[PDB]
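What follows is a single structure, written as structure tokens, with notes after it.
Cβ placement follows ideal geometry from the backbone for every residue including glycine, while neighbour counts extend to all protein chains displayed. Taken together, the values in this text are just the output of simple stated rules run on the coordinates, not laboratory data.
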Amino acid sequence: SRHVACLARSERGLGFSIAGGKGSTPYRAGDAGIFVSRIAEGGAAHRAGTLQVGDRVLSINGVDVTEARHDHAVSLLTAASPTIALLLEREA
Amino acid sequence: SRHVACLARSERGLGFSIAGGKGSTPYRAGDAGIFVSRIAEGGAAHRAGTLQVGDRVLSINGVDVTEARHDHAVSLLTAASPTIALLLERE
Amino acid sequence: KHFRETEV
Ligand SMILES: [Cl-]
């Protein structure tokens, strides 16, 4: 139920977004976590095959984001470069 | 025929894909609209049963997307409320 | 122009 996704920043867009977070509009009802919210079919995330929309983001390059605010997590993700390592949690 | 479909984001998100949009290679000839292109076998859209691949997306939570760019429709679907109201058109 | 498809 836990998966790591590794994404290299390149010429090709990463093709995903995250939503949610403490103090933000929940991405899903009753859960303030950070989740993968979209995946573009021509981006790195889709090409990697390791990310799925709705996956909960637990950490970004080793940094726990299970209680992060949205903007803090977005700031962490843009400072995760050239490589992004995500720890993901997925339901059945 | 026009149908309203209502979906709450869950473990697979909304659980479908959209294709098309103004300025993009069209999903259907000469028609740059937003269409439901896939439905995941798990997830909210699949459990609801109210979406069909090939459905034209006319509006998302009241916002007309008949002439929208793809990223605008993606934002409507993922950056607003977790509950999504879709107006869909079928041939 | 590019074909755009996105999972949501
Ligand atoms: Cl039309």
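Here are a few things to note about the model shown:
- Partner shielding of B:62-70 amounts to 1, given as the average count of beta-carbon atoms from other chains within 10 Å of each residue beta-carbon.
- Each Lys and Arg adds +1 at its Cβ and each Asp and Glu adds -1 at its Cβ; summed about the Cα centre, chain A shows a dipole of about 120 debye.
- Peptide B:19-26 shows a mean partner chain C-beta count of 3 within 10 Å per residue C-beta.
- Here's how it looks for A:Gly33: its modeled amide H is under 5 Å from those of A:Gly21, which are all 5 or more places away or on a different chain.
- Between the residues A:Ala48, A:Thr66, A:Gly21, the greatest Cα displacement towards the positive end of the dipole of chain A, with unit charges on the Cβ of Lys, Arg, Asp and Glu, is found for A:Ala48.
- The gain in end-to-end length when the A:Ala85 to A:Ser10 segment is fully stretched comes to 25.5 nm, 0.36 nm per residue minus the alpha carbon separation.
- Relative contact order [Cα under 8 Å, 6+ residues apart], chain A, whole percent: 37 percent
- Shown in residue order for region B:51-58 are the 3J(HN,Hα) couplings computed by the Karplus curve 6.51 cos²θ - 1.76 cosθ + 1.60 at θ = phi - 60°: 9, 10, 3, x, 4, 7, 8, 8 Hz (x for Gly and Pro).
- Given charges at beta-carbon only (K, R positive; D, E negative), |dipole| of the protein assembly as shown in Debye: 140 debye
- Net +/- balance of residues flanking B:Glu41 in space, Cβ distance below 12 Å, scoring K and R +1, D and E -1: +3
- Segments A:35-44, A:68-77 sorted - mean Cβ within 10 Å per residue, highest first: A:35-44, A:68-77
- With the convex hull drawn over the C-alpha atoms of chain B, the volume per residue is 83 Å³.
- Across region B:29-39, rounded Karplus estimates of 3J(HN,Hα) from the backbone phi angles (6.51 cos²θ - 1.76 cosθ + 1.60, θ = phi - 60°) give 4, x, 9, 8, x, 9, 10, 6, 9, 7, 10 Hz, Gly and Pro being marked x.
- Residues whose amide H falls under 5 Å from that of B:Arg38, counting only those 5 or more places apart or on a different chain, are B:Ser17, with hydrogens built in the peptide plane.
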